[PDB]
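A single chain comes next, written as structure tokens; it is the form deposited in one PDB entry.
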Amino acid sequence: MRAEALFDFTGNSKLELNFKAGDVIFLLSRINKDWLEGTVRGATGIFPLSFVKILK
């Protein structure tokens, strides 16, 4: 599925997915209850579920 970012998320590590509010993320899977793995802006990485709205 996909998720629309609600807030900007600037990760510290290259393992974390960077994005800005309004970006639509192509989800890859849940890594745990509070985090997702997804793709956007040419990169892949993990990010907090609470920073996006799942489009479903």
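Note that residue numbering follows the sequence shown and begins at 1.
Among the modelled residues of its chain, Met1 has a C-alpha B-factor that falls in the highest third according to the deposited record. Per the PDB record, residue ranking by Cα B-factor puts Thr39 in the lowest third of the chain.
This next part talks about the form deposited with a partner chain bound, which is not shown.
Interface membership of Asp8, defined by any non-hydrogen atom within 4.5 Å of its partner chain in the deposited bound form, is confirmed. At a distance threshold of 4.5 angstroms between non-hydrogen atoms, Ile31 is in contact with its partner chain in the deposited bound form.
Its partner chain is not shown here, but in the deposited bound form it comes within 4.5 Å of a heavy atom of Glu16.
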